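One structure is given below, encoded as structure tokens.
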Amino acid sequence: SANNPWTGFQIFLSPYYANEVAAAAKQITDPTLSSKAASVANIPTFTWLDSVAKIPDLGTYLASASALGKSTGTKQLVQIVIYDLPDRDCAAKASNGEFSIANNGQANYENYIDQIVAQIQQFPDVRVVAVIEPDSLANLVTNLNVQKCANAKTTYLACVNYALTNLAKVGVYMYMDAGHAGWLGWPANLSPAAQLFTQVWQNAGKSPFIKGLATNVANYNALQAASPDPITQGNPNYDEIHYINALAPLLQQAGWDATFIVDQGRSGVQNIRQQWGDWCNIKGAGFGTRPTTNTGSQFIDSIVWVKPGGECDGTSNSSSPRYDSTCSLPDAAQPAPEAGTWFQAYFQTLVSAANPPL
Ligand SMILES: OC[C@H]1O[C@@H](O[C@H]2[C@H](O)[C@@H](O)[C@@H](O)O[C@@H]2CO)[C@H](O)[C@@H](O)[C@@H]1O
Ligand SMILES: OC[C@H]1O[C@@H](O)[C@H](O)[C@@H](O)[C@@H]1O
Ligand code: NA
């Protein structure tokens with residue numbers, strides 16, 4: 001549409017990821033690969049607010065972006081992910097979080113949003129783009145038979161609504177998470193998904209700051225596949241552009257001129273999974289298309305890197321309380337540490353297998 005949030009802005013590079021990358025490049029023995037690994041810190045990524053402990057860090061990022069803009073005569077943009085719902089990750093085990101519905105989860109989540117809003121309010125010269133709660137809404141479309149998800153439904157919707165309503169008041173551009181082609185792209189799931197997204201958008205007042213949806217977050221699908229990956233058999237929507245082209249018209253019909261952003265951070269290498277539902281630390285993944293607003297689709301505002309490559313998806317250690325057997329499958333890189341922590345050997349392969357090369 002007419003207002004692409006990235007036009008005319010310089011993206012503030014994540015200091016969190018830059019520090020991880022700088023440390024990781026020092027441990028890569030090949031000198032040519034080390035130099036290429038270090039340059040990853042100059043590629044824009046989303047910074048995840050996966051715990052209330054990281055809200056003070058958001059404040060420092062905003063202040064630093066503000067100063068950088070004034071220094072260089074540019075307008076700066078900070079990219080964040082809101083990811084702290086109570087009973088988070090309801091259909092899996094690896095990314096269970098700090099809040100629970102049973103122990104004042106919604107109240108705690110509302111306080112988490114309020115503290116984020118309080119930081120953003122102090123730096124109105126910095127634009128913020130937020131991805132809202134990966135996996136949450138997609139789980140309420142296909143996983144209501146999962147008891148943890150069914151019991152979380154009303155809390156999820158209330159929390160997401162609280163996030164959308166209050167971040168809109170400080171002018172944050174928001175993309176709700178919308179799974180990926182292998183999850184909601186199945187033709188039979190498109191209409192239920194559209195009805196849920198539309199209902200969420202209506203409940204939050206149809207604010208123009210709710211730009212649309214994010215797809216493929218933390219996953220590996222192609223935006224435009226040369227030929228279908230074999231795991232996609234049975235689904236005509238075998239890549240993200242197929243999914244988006246089928247879903248976007250249903251949202252427009254409901255009055256929402258919705259646009260999309262698509263994660264390609266780990267999509268450089270296709271045809272590496274045994275089943276489409278294998279999501280954890282997939283072996284042989286490579287960095288994908290670099291972020292750009294030259295997307296080739298009327299519906300896509302930007303290709304982005306939301307999940308930061310090198311940060312683990314979950315542990316292969318069967319003794320951990322967060323052990324998910326998806327992370328022990330033959331196509332999952334092992335041994336792997338806890339979700340969110342650095343996975344050096346995985347980062348090194350992402351660099352080596354990057355397509356296009358670094
Ligand atoms: O995409 C990353 C998330 O995947 C979630 O699992 C999905 C999977 O992606 C789909 O392909 C299909 O198998 O449904 C699964 C959900 O039941 C996973 O639960 C999340 O933790 C990942 O972030
Ligand atoms: O790497 C980005 C995010 O990935 C998720 O799987 C983890 O649970 C988070 O802790 C992390 O912030
Ligand atoms: Na995950």
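Letters A, B, ... mark the chains of the structure tokens in the order given; residue numbers begin at 1 per chain; ligand numbers begin at 1, in order shown.
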
Could the residues that lie within 6 Å of ligand 1, counting only C-alpha atoms and all ligand atoms, be listed as a PyMOL selection string? chain A and resi 89+91-92+135+182-183+218-219+276-277+279

How about saving the chosen residues, C-alpha atoms kept, as a compact mmCIF listing (two decimals), in the first residue's frame?
```txt
# COMPACT_ATOMS: atom_id res chain seq x y z
CA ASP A 89 4.27 -22.06 22.92
CA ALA A 91 1.58 -26.82 21.25
CA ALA A 92 5.26 -27.50 22.05
CA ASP A 135 2.82 -18.89 16.84
CA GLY A 182 2.72 -25.43 5.82
CA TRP A 183 0.62 -24.44 8.83
CA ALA A 218 11.40 -18.93 12.77
CA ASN A 219 10.70 -21.30 9.87
CA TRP A 276 7.00 -30.17 6.96
CA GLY A 277 6.30 -30.09 10.71
CA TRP A 279 10.78 -26.98 12.94
```

Please identify all protein, DNA and RNA residues within 7 Å of ligand 2, counting only C-alpha atoms and all ligand atoms, and report them as number ranges by chain. A: 48-50, 94-95, 307-308, 311-314, 339-340

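Taking only C-alpha atoms and all ligand atoms into account, ligand 3 lies nearest to A:281 out of the set A:193, A:115, A:70, A:281.
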
Which of A:318, A:215, A:232, A:237 sits closest to residue 304 of chain A [using only C-alpha atoms]: A:215

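Checking A:97, A:5, A:56, A:31 one by one against ligand 3, counting only C-alpha atoms and all ligand atoms, you find the shortest gap at A:97.
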
I need the residues in segment 51-136 of chain A that are strand (DSSP E or B) according to DSSP; give them as a short mmCIF file (atom, residue, chain, number, x, y, z; two decimals) with N, CA, C and O atoms, in the first residue's frame.
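To be explicit, this is the file written out as selection.cif:
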```cif
data_model
loop_
_atom_site.label_atom_id
_atom_site.label_comp_id
_atom_site.auth_asym_id
_atom_site.auth_seq_id
_atom_site.Cartn_x
_atom_site.Cartn_y
_atom_site.Cartn_z
N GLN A 76 15.59 6.74 12.21
CA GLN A 76 15.94 5.38 12.58
C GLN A 76 14.71 4.56 12.94
O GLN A 76 13.70 5.08 13.43
N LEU A 77 14.80 3.26 12.65
CA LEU A 77 13.71 2.30 12.82
C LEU A 77 14.25 1.12 13.61
O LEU A 77 15.29 0.55 13.25
N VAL A 78 13.54 0.74 14.68
CA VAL A 78 13.90 -0.37 15.55
C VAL A 78 12.88 -1.48 15.34
O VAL A 78 11.67 -1.22 15.40
N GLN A 79 13.37 -2.71 15.16
CA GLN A 79 12.57 -3.90 14.86
C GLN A 79 12.52 -4.81 16.08
O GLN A 79 13.56 -5.28 16.53
N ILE A 80 11.31 -5.08 16.60
CA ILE A 80 11.20 -5.87 17.83
C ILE A 80 10.14 -6.93 17.64
O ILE A 80 9.25 -6.82 16.79
N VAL A 81 10.26 -8.00 18.44
CA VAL A 81 9.25 -9.06 18.52
C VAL A 81 8.71 -9.10 19.95
O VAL A 81 9.48 -9.14 20.90
N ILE A 82 7.38 -9.08 20.08
CA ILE A 82 6.70 -9.24 21.36
C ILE A 82 6.44 -10.73 21.52
O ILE A 82 5.71 -11.31 20.71
N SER A 100 2.54 -17.76 33.47
CA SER A 100 1.55 -18.83 33.36
C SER A 100 0.17 -18.26 33.65
O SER A 100 0.01 -17.39 34.49
N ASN A 103 -1.00 -18.43 37.35
CA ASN A 103 -0.43 -17.47 38.28
C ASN A 103 -0.44 -16.08 37.65
O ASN A 103 0.58 -15.58 37.18
N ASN A 104 -1.62 -15.45 37.66
CA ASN A 104 -1.81 -14.06 37.25
C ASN A 104 -1.17 -13.75 35.91
O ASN A 104 -0.62 -12.66 35.70
N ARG A 127 11.00 5.29 14.88
CA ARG A 127 9.90 4.41 14.48
C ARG A 127 10.17 3.00 14.99
O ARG A 127 11.30 2.54 14.97
N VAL A 128 9.12 2.33 15.48
CA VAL A 128 9.19 0.95 15.94
C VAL A 128 8.26 0.10 15.08
O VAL A 128 7.11 0.48 14.85
N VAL A 129 8.78 -1.03 14.59
CA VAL A 129 7.99 -2.06 13.92
C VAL A 129 8.03 -3.29 14.80
O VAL A 129 9.11 -3.74 15.19
N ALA A 130 6.85 -3.84 15.11
CA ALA A 130 6.76 -4.97 16.04
C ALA A 130 6.05 -6.14 15.36
O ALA A 130 4.99 -5.95 14.75
N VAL A 131 6.61 -7.33 15.50
CA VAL A 131 5.91 -8.58 15.23
C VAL A 131 5.25 -9.04 16.53
O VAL A 131 5.90 -9.09 17.57
N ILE A 132 3.95 -9.32 16.50
CA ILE A 132 3.20 -9.61 17.72
C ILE A 132 3.06 -11.13 17.86
O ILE A 132 2.38 -11.77 17.06
#
```

Near residue 292 of chain A, within 9 Å and counting only C-alpha atoms, which residues show up once chain neighbours fewer than 2 positions away are dropped, as a PyMOL selection string? chain A and resi 289-290+294-295+301-304

Expected answer as a ChimeraX atom specification: alpha helix (DSSP H) residues in segment 171-348 of chain A: /A:187-203,240-253,344-348

Contacts of segment 138-145 of chain A within 10 Å, only C-alpha atoms, excl. fewer than 5 positions in-chain, as a ChimeraX atom specification: /A:89-91,150-154,156-157,177-180,183-184,189-197

Just the residues within 10 Å of residue 12 of chain A, please, counting only C-alpha atoms, with nothing from its chain fewer than 3 positions along; format it as a PyMOL selection string. chain A and resi 9+15+42-46+61-62+64-66+68-69+75-79+126-127

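Residues lying within 9 Å of residue 248 of chain A, counting only C-alpha atoms and ignoring same-chain neighbours fewer than 5 positions away, are residues 194, 243, 253, 257, 258, 259, 260 and 299 of chain A.
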
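Atom CA of residue 133 of chain A sits 14.1 Å away from atom CA of residue 52 of chain A.
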
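Proximity ranking of A:220, A:287, A:209, A:175 relative to residue 350 of chain A places A:287 first, based on only C-alpha atoms.
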
Selection: 9 Å around residue 348 of chain A, only C-alpha atoms, excl. self and same-chain fewer than 4 positions, as a list in words: residues 24, 25, 28, 33, 34, 37, 310, 343, 344, 352 and 353 of chain A

Write to file, as a PDB file, in the first residue's frame, the residues of the selection just made, with C-alpha atoms.
```pdb
ATOM      1  CA  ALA A  24      30.900 -16.175  17.146  1.00  0.00           C
ATOM      2  CA  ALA A  25      33.092 -14.925  14.291  1.00  0.00           C
ATOM      3  CA  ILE A  28      35.425 -19.700  13.359  1.00  0.00           C
ATOM      4  CA  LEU A  33      34.534 -17.651   6.738  1.00  0.00           C
ATOM      5  CA  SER A  34      35.248 -15.616   9.891  1.00  0.00           C
ATOM      6  CA  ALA A  37      30.451 -14.349   9.539  1.00  0.00           C
ATOM      7  CA  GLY A 310      22.341 -18.884  15.530  1.00  0.00           C
ATOM      8  CA  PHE A 343      24.303 -22.459  18.951  1.00  0.00           C
ATOM      9  CA  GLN A 344      27.767 -21.889  17.471  1.00  0.00           C
ATOM     10  CA  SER A 352      28.686 -21.516   4.922  1.00  0.00           C
ATOM     11  CA  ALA A 353      25.353 -22.488   3.315  1.00  0.00           C
TER      12      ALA A 353
END
```

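If you measure from each of A:8, A:134, A:236, A:286 to ligand 3 using only C-alpha atoms and all ligand atoms, the closest one turns out to be A:134.
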
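Between atom CA of residue 119 of chain A and atom CA of residue 293 of chain A lies a distance of 27.5 Å.
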
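Atom CA of residue 73 of chain A to atom CA of residue 120 of chain A spans 20.6 Å [interatomic distance, one decimal].
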
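When only C-alpha atoms and all ligand atoms are used to measure the gap to ligand 3, the shortest distance among A:278, A:20, A:331, A:110 belongs to A:278.
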